[PDB]
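For reference, the chains in residue letters:
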Amino acid sequence: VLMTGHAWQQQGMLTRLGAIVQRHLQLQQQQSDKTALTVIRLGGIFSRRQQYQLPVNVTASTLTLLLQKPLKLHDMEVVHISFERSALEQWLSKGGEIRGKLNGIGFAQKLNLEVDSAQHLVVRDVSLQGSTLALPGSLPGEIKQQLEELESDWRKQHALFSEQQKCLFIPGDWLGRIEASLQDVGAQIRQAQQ
Amino acid sequence: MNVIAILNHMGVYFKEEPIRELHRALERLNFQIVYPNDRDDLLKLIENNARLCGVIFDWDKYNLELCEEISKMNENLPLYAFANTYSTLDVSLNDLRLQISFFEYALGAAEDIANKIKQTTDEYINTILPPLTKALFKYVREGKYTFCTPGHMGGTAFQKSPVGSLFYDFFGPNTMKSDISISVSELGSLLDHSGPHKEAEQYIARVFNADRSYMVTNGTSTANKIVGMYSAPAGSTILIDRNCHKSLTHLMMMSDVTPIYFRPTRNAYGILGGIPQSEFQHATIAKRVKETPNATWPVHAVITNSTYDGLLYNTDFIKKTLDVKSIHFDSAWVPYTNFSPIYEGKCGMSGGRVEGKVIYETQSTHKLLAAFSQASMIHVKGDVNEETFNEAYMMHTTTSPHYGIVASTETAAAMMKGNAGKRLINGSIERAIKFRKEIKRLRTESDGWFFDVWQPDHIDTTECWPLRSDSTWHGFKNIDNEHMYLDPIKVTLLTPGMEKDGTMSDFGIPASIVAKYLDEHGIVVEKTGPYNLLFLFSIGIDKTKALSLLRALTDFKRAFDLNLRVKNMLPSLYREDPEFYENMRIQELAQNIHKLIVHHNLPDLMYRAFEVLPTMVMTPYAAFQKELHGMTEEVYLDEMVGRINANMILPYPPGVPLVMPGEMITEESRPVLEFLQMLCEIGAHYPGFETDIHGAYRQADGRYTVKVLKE
Amino acid sequence: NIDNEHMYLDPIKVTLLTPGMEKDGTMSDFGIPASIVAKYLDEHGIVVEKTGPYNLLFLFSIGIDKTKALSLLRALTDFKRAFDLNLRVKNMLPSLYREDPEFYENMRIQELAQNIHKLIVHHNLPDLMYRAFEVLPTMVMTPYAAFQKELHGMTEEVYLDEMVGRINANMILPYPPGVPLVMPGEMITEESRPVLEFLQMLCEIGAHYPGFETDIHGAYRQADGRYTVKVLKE
Ligand SMILES: *Cc1c(COP(=O)(O)O)cnc(C)c1O
């Protein structure tokens, strides 16, 4: 775990990429009035008005959802709420209560989410305030400048491994897991720049 | 609805003169005026007369004796109480639902009072009626849309033909104008479930204690087939009950599933008990799945509660022990397990929502209620995929339903709501218990034999009599305590002929002769056969039709003790064969049939046949595919050993299936074939009592044949 | 190219053709759609059986006496008088005015009849409708197999602009006309290109004026305007 976590800065770039995503989501929620979040009604006659998320537009399991007016949930501020895809389809089809974490950290706490007449998602708090949720669309200049600095660090760490791997004293079975760990970090940093 | 009551007389003139002035004003708007006597007279004009909507009485005379007894019956009944100067309310009149309309004794203002009574009566009509029925009555008097379906359009096409005018004058103008399709905007559509139809389903499920109830417009037999098309995919396993209906047989022949049949309890008289508690255990469910090839975990269970005779089960133990996420209760005979406190925790709709399970019930509407034919309901209690269950409803229901049946289906749910509707359930129970006590009273005091009611020795209580293990009236060997109940309104008359130990007697009269005797007066027996008689004491049977049944029973003892002739007693049976039934009396026919039952041994060949289960080779769905190609043959009755049948044997008596379509009779199910061969001999000597089996066809020699599959 | 002695005409099925198209299959400058006339007949109680582009249909069975036949002609002559004199919508169609009194305020009967006729020529309705019905979509599996996937819970909905190559689950029944478009179990590929264009054309012509919304049995209406149909999961 140490050789595939902090050796060539595997996890070291993961805790640094979160600061770029946190700064990127701060600028996307400011201009969230351009692209809202329209929920479509799934086919079939049901007792309760069921809802269905976007089809091929979103495929992630732990996707994030932005919001316009921020609220004070659990005695703290929040700028983005992430819901689980395996748990969103169950609540929107069978009812009950939904559980979602705040700011991508902590446990999945319970929220007062309901359905809106304009096909949206209104988040209620302790003061009965409305907040329409939204999703980030498909790159600012400030985020791109900070992202290229972190992406260049991955090429520098990968260049060191592609030069000293000829050590005879190093077993061959260890090289099969180090290369697989470096490609996992590089495949994640190339997703936010899409 | 145009009866106005005027109670008491003050004796003065300034109060009786406005009564006479109002008497001449209410008759101009079609209203019947009645004048009861004392306080007990007005109470008899509400329970016996349901067309009353106006009570006029002095407020300063009976302010507490009338505002309490009337509120216990009809709460929304308007009260035209006339107050005075020194009039006030009472502290004991706050928790009572009433409608008091105050007026004065002003002379000459009787015309304005008549307009207020008509408007108040219209408010009572627009309140007790559901919004679906309200839209149907208003569309006839105002809605006059042209170019619509059907083609008659309120009976217009019938007025152009001489033969058509006879069919239009039979019903009425309002009858033909009420049959409209879904081509109306202010009434919505049934398949769309919007508008008046959306609020109609919420009004039935709320009163009957349910989440959402549908209105099947194709009878109960169709509602049972829709449930099977949900919790039984193409290749699953269901837990259908053995005592199933003819509609449930075709359900197993349309879905490629592997059903598992239970073994309910039974006695010697033919009254089937219920499924034991050991069949609901987890060690019993997985026992029959591993034995039967091609069977997975059961996902659906069909439980007949109650049965055809009326025996409630114990839903408090099934919803906890039986591990089935889709438990079905065939409540096609008890649509009243809610409006009485002696039915709590006895049905699927009593209680709450079971975590991880759902309750499906197909309660019949045109059986023991008040609605047109082809009407049923589907009660859903749970959080399942209702959209999938609704797809099977549109495949059997046409796009243009009949609103005349829908308006009556919801009416049955509105006639029972409130204290005015609850008196019909409790009133039918009181009339049933009273009829049960009249049998035991006319049994000991009589001189000779008399009918007996299948009831415990103690019937003083007013509740469901449980089937304990230390009793001898039920006769069920090894029965579970607090599992089987008794329906008070299902009086089962046990005719003499058998003992209390299960053997036979020497003097007795079968129930088949008594069944045809009641038809001469206009009484149709629901179930008959060995030595039992089933009747239906629902809300349709009032005190007139209930007391007339006892009088016909006393006439049978008189005609049998005096030894009368068949021609001078049963004219319908004499017309079937006047030559054979010439010199025959009522005592000679009753004694000859009783000896045939003991000789052929009916209780032994019936208790052992329906107990064991024949070897099921293939699924019932595979038997229907062979008939579609044309590979169905028939053999003799003594040659069907080892063959796969194609029909469901439903012998009368009793009334339960014997061999399911797709089973084989081998060496294990030997008594099963013996029951069919016994009925072919006992029902051939005397005409009228022929063998009636839904499957055995009559030939020209007497031997019956069944339909099997080609080898 | 129609076969002789094969197609017959029903005398009682009177099909009224409104002026709007030519005899060669093209369009014209002056034209009145049949959807506007259908709303005027409903005011007097006449329910139109079939309506859409420039055609009508009425049922003259044995129950239609001489009163209902003569009353239909009187309502048609009143539409010409109200259109030639250029009247208002509020003083002619009270049911349509109650749907949106703000938009249908200063609008007359001649302004609405000309704005809708220009949308049919611009979006080209007769050409996109004739080519979307001849080319049948590619049927992948049988309609019975498409219902088996819905019982297990493998159904989803995609947008109208993102559905090329997916198997539908419902039956598209657009009004007008009244015939099915895609059967439950077919796939829209490159061969059935005009088939998808017919659905996208009705979403734009039936979204500017209230009362003339797009009616397709299978396309649910949303708040953004883009209709979505139910398909099967991959
Ligand atoms: C009588 C009965 C039926 C048939 O009822 P219909 O509404 O006439 O179809 C179906 N199931 C059971 C259990 C019945 O007793």
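For this coordinate set, the PDB header names cryo-EM as the determination method and states a resolution of 7.6 Å.

Within the PDB entry, the label attached to chain C reads Inducible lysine decarboxylase, and the organism entered is Escherichia coli. The title given to this PDB entry is "Spiral structure of E. coli RavA in the RavA-LdcI cage-like complex".

Per the PDB entry, chain A carries the name ATPase RavA and comes from Escherichia coli.

Student: Sorry, what's going on with helix α21 (residues 670–682) of chain B here?
Tutor: Along an α-helix, residues three or four positions apart point the same way, because every turn accommodates 3.6 residues. All names here are of chain B. In a regular helix each residue adds 1.5 Å, so 13 residues correspond to 18 Å; α21 covers 19 Å between its end C-alpha atoms and thus fits that length. By the burial criterion, the buried members of α21 are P671, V672, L673, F675, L676, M678, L679, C680 and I682. As for α21, its buried residues are in contact with α18 (586–600), α19 (602–607), β19 (650–652) and β21 (692–694).

Student: Is there a simple way to explain the interface of chain A and chain B in this structure?
Tutor: Interface size is commonly expressed as the accessible surface area that is lost when the partners come together. Listed by partner, the interface residues are nine residues for chain A and ten residues for chain B. Here chain A and chain B share an interface that buries about 760 Å² over both sides, 47% of which is from carbon and sulfur atoms. Sorting the residues of chain A by area buried against chain B places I45(A), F46(A) and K94(A) first, and these three jointly supply 66% of that buried surface. Connecting chain A to chain B are one residue pair in polar contact. The residue inventory of the side of chain A that touches chain B, partitioned by class, reads three nonpolar, four polar and two charged.

Student: Would you take a moment to explain the pairing of strand β11 (residues 358–361) of chain B for this structure?
Tutor: A regular strand carries its side chains on alternate faces of the sheet. Residues and elements named next belong to chain B. The alternating pattern of β11 places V358 and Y360 and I359 and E361 on opposite faces, both of which are buried. The sheet contact formed by strand β10 (residues 326–329) and β11 spans four bridges and is parallel. Opposite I327, over in β11, you have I359 as the bridge partner. Bridge analysis of β11 against strand β12 (residues 376–381) gives three bridges, and the strand direction is antiparallel. Counted as the bridge partner of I359 is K381 from β12.

Student: What should I look at first to understand helix α5 (residues 125–134) of chain C in this one?
Tutor: All names here are of chain C. Buried within α5 we find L125, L128 and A132. Viewed end-on, α5 has its buried residues packed into an arc of 75°, placing them on one side of the element. When the buried face of α5 is taken as reference, the exposed residues oriented beyond 90 degrees from it are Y130 and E134. Its buried side turned inward, α5 meets α4 (109–123) and α7 (193–205). Where α5 starts, the residue carrying a side-chain oxygen 3.5 Å from the main-chain nitrogen of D127 turns out to be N124.

Student: Could you clarify how one ought to interpret the site of the ligand in this entry?
Tutor: Residues and elements named next belong to chain B. Neighbouring the ligand are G219, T220, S221, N224, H245, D330, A332, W333, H366 and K367. Contact distances for the ligand include 2.6 Å between an oxygen atom and a side-chain N or O atom of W333. Notes on the ligand: free accessible area 390 Å², of which the protein chains cover 80%.

Student: Is there a simple way to explain the pattern of salt bridges in this structure?
Tutor: For side chains of opposite charge, pairing can occur when their charged atoms come near one another. Following the criterion strictly, the structure yields 38 salt bridges over all chains and no others. Two residues, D112(B) and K116(B), come together in a salt bridge whose shortest N-O distance is 3.5 Å. On the criterion of helical spacing, the pair formed by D112(B) and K116(B) is a turn pair, its members being four residues apart in helix α3 (residues 110–128). For the salt bridge of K13(C) with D10(C), the shortest nitrogen-to-oxygen distance reads 3.9 Å. For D10(C), a relative accessible area of 34% gives the class partly exposed. Ionic contacts of the salt-bridge type, sharing partners, join the residues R39(B), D40(B) and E65(B) into one network.

Student: When you look at the packing of α5(C) against α7(C) in this model, what are you seeing that I'm missing?
Tutor: The description of two helices packed together rests on the angle between their axes and the distance between the axes. All names here are of chain C. One way to put it is that α5 packs onto α7 with a least axis distance of 8 Å and a crossing angle of 140°. By the angle between their directions, the pair α5 and α7 is classed as oblique. Classified by chirality, the crossing of α7 by α5 is left-handed. The segment α5 lies against α7, with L125, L128, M129, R131 and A132 engaging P194, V195, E197, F198 and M201. In terms of residue class, the contact of α5 with α7 is built from eight nonpolar, no polar and two charged.

Student: Just to check I follow, could you spell out the sheet that holds strand β2 (residues 32–34) of chain B for this structure?
Tutor: Strand pairing in a sheet takes place through backbone hydrogen bonds and is either antiparallel or parallel in direction. Residues and elements named next belong to chain B. Strands sit in the order β2-β1-β3-β4-β5 across an open sheet of five strands; the sheet is parallel. Looking at which strands have only one partner, the edges of the open sheet turn out to be β2 and β5 (99–100). Of the strand pairs in this sheet, strand β1 (residues 3–6) and strand β3 (residues 52–58) are connected by four bridges, and their pairing is parallel. The residue bridging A5 from the neighbouring strand is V55, located in β3. α3 rests against β1, β3 and β4 (78–82) of the sheet, and its axis sits at about 150° to β4.

Student: How do you make sense of the domain arrangement of chain C when you look at a structure like this?
Tutor: Residue and element names in this part refer to chain C. Examined at the domain level, chain C breaks down into domain 1 (1–117) and domain 2 (118–234). For domain 1 and domain 2, the distance between their C-alpha centroids amounts to 27 Å. Listed by partner, the interface residues are 22 residues for domain 1 and eleven residues for domain 2. Roughly 1500 Å² of surface becomes buried between domain 1 and domain 2 when both sides are summed, with 71% attributable to carbon and sulfur atoms. In terms of surface lost to domain 2, no three residues of domain 1 exceed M27, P53 and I116, which account for 27% of the buried area on that side. Seen at the junction of domain 1 and domain 2, the total is one salt bridge. With a closest N to O distance of 3.0 Å, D29 and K118 form a salt bridge. Elements that contribute at least two residues to the side of domain 1 that touches domain 2 include exactly α1 (34–41) and α4. By residue number, the principal contributor to the side of domain 1 that touches domain 2 is α4, which donates five residues. The residue makeup of the side of domain 1 that touches domain 2, split by class, is eleven nonpolar, seven polar and four charged.

Student: Explanation requested: the interface of chain C and chain A in the structure shown.
Tutor: Facing the ten residues of chain C at the interface are 14 residues of chain A. At the junction of chain C with chain A, the criterion picks out one residue pair in polar contact. Among the elements that make up the side of chain C that touches chain A, the one with the highest residue count is strand β4 (residues 155–159) of chain C (four residues).

Student: I'm lost on unusual backbone geometry in this one. Help?
Tutor: Most peptide bonds adopt trans geometry, and most residues besides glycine take a negative phi value. For the bond from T149(B) to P150(B), the omega torsion is 0°, close enough to zero to count as cis. Within the secondary structure, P150(B) is located in the loop between α4 (131–141) and α5 (162–168). Put simply, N305(B) and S306(B) share a cis peptide bond, and its omega is 0°. Examined against the element boundaries, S306(B) turns out to sit in the loop between β9 (300–303) and α11 (315–321). Here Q119(A), not a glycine, exhibits a phi torsion of approximately 60°, which is positive. Tracing the chain through its elements places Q119(A) in the loop between β7 (112–115) and β8 (121–124). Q119(A) sits in the buried class, given a relative accessible area of 7%. In this structure, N478(B) is a non-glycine residue whose phi angle is positive, near 55°. Within the secondary structure, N478(B) is located in the loop between β13 (452–453) and β14 (492–494).

Definitions and cut-offs
- Residues numbered from 1 in each chain as written, not as in the entry; some residues may be left out.
- Chains lettered and ligands numbered in written order.
- Part of a larger assembly, values for the part shown.
- Heavy atoms only, no water.
- Helix = DSSP H or I, 4+ residues; strand = E, 2+ residues; numbered from the N terminus.
- Expected span 1.5 Å × (residues − 1).
- Buried < 20%, exposed > 50% of the residue type's maximum accessible area, 1.4 Å probe, protein only.
- Contact = heavy atoms within 4.5 Å.
- Buried area = accessible area lost by both parts, 1.4 Å probe.
- Polar contact = N/O pair within 3.5 Å; in protein donor to acceptor, adjacent residues only side chain to side chain.
- Nonpolar A, V, L, I, M, F, W, Y, C, P; charged D, E, K, R; others polar.
- Pairing = 2+ DSSP bridges.
- Arc of directions from axis to C-beta.
- Near = heavy atom within 4 Å.
- Areas by Shrake-Rupley, 256 points an atom, 1.4 Å probe, with all protein chains shown as cover.
- Salt bridge = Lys/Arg side-chain N within 4 Å of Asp/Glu carboxyl O.
- Axes fitted to C-alpha atoms, helices over the stretch in contact; angles between N-to-C directions.
- Parallel < 35°, antiparallel > 145°, perpendicular 65-115°, else oblique.
- Left-handed = near helix turned anticlockwise from the far one by under 90°.
- Domains from an automatic or database assignment.

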